[PDB]
């Protein structure tokens, strides 16, 4: 009956070269949610990104995919949140997560960036507030700390992308349930999912 999320953001590097790289996982969630719910995203330069508004259980969800550099994602998030008066606590940020494997996704309230550039800037531009929700989509991590950025800015191989594509799908279904049954039941379901 009741839930705190008014803005779902899917983080991304801009353009066709990046559309299918791992660092765009967040956007994949927002893109798919929006296709399912028939909304076409509008490029609004004042919000440095692609935005839209959805009705899910007669509840209003705004969605955003920044067109900024990943590390300036906070410009878009803040400009939009502040225009519509959305507090951080009411924002969910969907984003690639190194500390989880492909095929897994998790909700979380709060925490750090884990060296994710988008999250850092989002914390920062939200006036150093980390209390926004996150949708952590596992992308695995590479062998070495130094290989991370290439991994993250690279395309997953086919087999691994199916696990990612299924975590995306389930994340979306659990966002639909979030709006209908709340955070707890949405979470209960998502956290039993491991892509087969």
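Neighbour counts are summed over all protein chains in view; Cβ atoms, including those assigned to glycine, are modelled from backbone coordinates with ideal geometry. Bear in mind that the values in this text are calculations on the coordinates, not laboratory data.
Points to keep in mind about this one:
- Looking across the stretch 152-174, the residues that are in contact (Cβ under 8 Å) with a residue 60 or more places away in the chain and assigned to a loop (DSSP other than H, G, I, E, B) come down to 153, 154, 155, 156.
- Condition met for residue 22 (at negative phi, in contact with a strand residue (DSSP E or B) (Cβ under 8 Å, 6 or more places away or on another chain) and surrounded by 17 or more Cβ atoms within 10 Å (Cβ to Cβ)): yes
- Yes/no for residue 128 being surrounded by fewer than 17 Cβ atoms within 10 Å (Cβ to Cβ), farther than 24 Å from residue 167 by Cα and touching a helix residue (DSSP H, G or I) at 6+ places or on another chain (Cβ under 6 Å): no
- Number of residues in the stretch 132-151 that are without any contact (Cβ under 8 Å) to a residue 40 or more places away in the chain and outside any loop (DSSP other than H, G, I, E, B): the value is 5.
- Test result for residue 107, in contact with a strand residue (DSSP E or B) (Cβ under 9 Å, 6 or more places away or on another chain), crowded, with 17+ Cβ neighbours inside 10 Å and touching a residue at least 60 places away in the same chain (Cβ under 8 Å): yes
- Summed over the stretch 1-53, the residues that are in a loop (DSSP other than H, G, I, E, B) and in contact (Cβ under 8 Å) with a residue 12 or more places away in the chain give a count of 18.
- Hits in the stretch 175-196 (condition: farther than 10 Å from residue 107 by Cβ and outside any helix (DSSP H, G or I)): 182, 192, 193, 194, 195, 196
- Enumeration of residues in the stretch 175-187 that are in contact with a helix residue (DSSP H, G or I) (Cβ under 7 Å, 6 or more places away or on another chain), over 15 Å from residue 95 (Cα atoms) and in contact (Cβ under 8 Å) with a residue 24 or more places away in the chain: 178, 186
- Selection of the stretch 69-103 for residues being in contact with a strand residue (DSSP E or B) (Cβ under 9 Å, 6 or more places away or on another chain), over 27 Å from residue 59 (Cα atoms) and buried (at least 20 other Cβ atoms within 10 Å of the Cβ) yields 97, 102, 103.
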